[PDB]
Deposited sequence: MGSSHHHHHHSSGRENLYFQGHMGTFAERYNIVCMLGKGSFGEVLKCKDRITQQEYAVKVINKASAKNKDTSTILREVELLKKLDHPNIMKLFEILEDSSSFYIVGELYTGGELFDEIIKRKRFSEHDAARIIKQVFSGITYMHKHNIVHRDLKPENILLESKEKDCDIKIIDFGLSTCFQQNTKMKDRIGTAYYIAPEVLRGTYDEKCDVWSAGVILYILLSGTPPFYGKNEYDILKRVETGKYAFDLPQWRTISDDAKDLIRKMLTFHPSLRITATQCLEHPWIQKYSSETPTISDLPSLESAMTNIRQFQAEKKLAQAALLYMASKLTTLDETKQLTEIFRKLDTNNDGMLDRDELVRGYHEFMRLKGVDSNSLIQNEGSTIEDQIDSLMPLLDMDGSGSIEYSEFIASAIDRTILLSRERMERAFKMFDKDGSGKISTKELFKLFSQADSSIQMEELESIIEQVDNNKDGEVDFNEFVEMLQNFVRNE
């Protein structure tokens, strides 16, 4: 039956080639059922593999678990006899490098918006023991052509698994001196972010040169200056941050967390909700109450399809709200950020906050935090703040069904567990017997749809 199913070719349809990037070619594919468009990375196995396939799929699964508004999202890892297909989210805003050429320089307010996002993502990777090792504006992408949309760190984590064959001069600006000597610790990323921040505020690399040689000579010494005329107008806080990031010795260099919490970042990045946000903000809270009222099985099903099958355009309204609720700018919503946001929501309507808000969130946190990470990441937030009618469109339920049905036509009780277990991690077969009108014992597509609509 599967003899002619293609795994990757079964689900996706290649549309065009975007480019050729180090490890492999990068294509724009399109889901055949849902019509959503993604970016896939095709990497020839025989030519690129340093390790075995079991080890590779282990690393890429770890990457599929990274949920941060400023880190690339990988949906799945397919495979055929010749290549690995790494399906990920498509970003259409271009490289930050192009944004630097257009604007040529950034006010401290704008540069703090961009760099705050690079710090939050880099902090997330480091906590998950991931080092970019090649952080530069060419590997940061704006998610859209909207004005102040998020940036996205891409192209990382593949070094241990694959081999790269290759604009090398561009990379020389951002390497740390210890890389010239063979070290690639977490601190090398902080350095790169510091060179980026220097470039945002002046338009000149701190270690400059027309060729690869001269640049590397200035990097080795680690000497830079604020001598350009345009630095006379730039604040002392900014310079103190750049100096801390470009400390020669990694042991004395500050961390990504220290970059994010630096005062300069707090001064120019205090985004907060306004009266205009009230419509979308109230829709999120109402759907979050409906979330906790639903059962554990229903909540896990909504999280599976909110994290595996949605796209950012559908959640553009909720992306802005999530950003405004993220006071510490670490990319996640802790308990305190939910209570304060729910309180401001009251003050903007004109209602007194005085079941209390604090005791509501206390009960709501275990339900939304289905991974137990201590905070609500973006996927869990949209799973609860989104209109369920959106999540359960027909085309999106078709894909869900085919994901679990190995073989054809029928979903076993065992095969069905994959949906709920992937999210909640907590054996109720009641919904199975209720969803099976034909007494078949397995759930075809129409019984599958009826089951999901009850969860709404």
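- Numbered from the first deposited residue, the unresolved ranges run 1-18, 185-187, 376-382, 455-459, 490-492.
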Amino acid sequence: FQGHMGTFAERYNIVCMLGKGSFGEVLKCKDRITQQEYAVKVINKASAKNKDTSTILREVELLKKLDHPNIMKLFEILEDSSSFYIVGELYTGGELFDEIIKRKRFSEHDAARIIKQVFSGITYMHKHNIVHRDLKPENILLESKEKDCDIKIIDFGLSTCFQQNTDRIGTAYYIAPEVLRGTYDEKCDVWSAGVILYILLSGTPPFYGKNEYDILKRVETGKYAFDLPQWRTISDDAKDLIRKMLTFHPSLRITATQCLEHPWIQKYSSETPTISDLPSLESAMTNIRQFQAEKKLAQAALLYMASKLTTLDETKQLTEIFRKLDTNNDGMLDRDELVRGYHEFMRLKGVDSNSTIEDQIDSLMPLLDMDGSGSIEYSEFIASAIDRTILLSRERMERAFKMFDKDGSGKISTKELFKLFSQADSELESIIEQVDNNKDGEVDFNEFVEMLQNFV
From here on, numbers count along this sequence of modelled residues.
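- Across the two stretches, 96-104 and 122-130, the PDB entry reports the greater mean Cα temperature factor for 96-104.
- If you average the C-alpha B-factors over 410-418 and over 23-31, the higher value belongs to 410-418.
- Comparing C-alpha B-factors across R394, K41, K65, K49 in the deposited entry, the largest value falls on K49.
- The residue among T286, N139, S192, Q299 whose C-alpha carries the highest B-factor in the deposited model is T286.
- In this PDB entry, the Cα temperature factor of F84 sits in the bottom third of its chain's modelled residues, the lowest group.
- Placement of the Cα temperature factor of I169 within the chain: highest third of the modelled residues, per the deposited record.
- Ranked within its chain, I14 lands in the lowest third, by CA B factor from the PDB record.
- Annotation for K73: C-alpha temperature factor in the lowest third relative to the rest of the modelled chain, per the entry.
- The PDB entry assigns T319 a C-alpha temperature factor belonging to the middle third of its chain's modelled residues.
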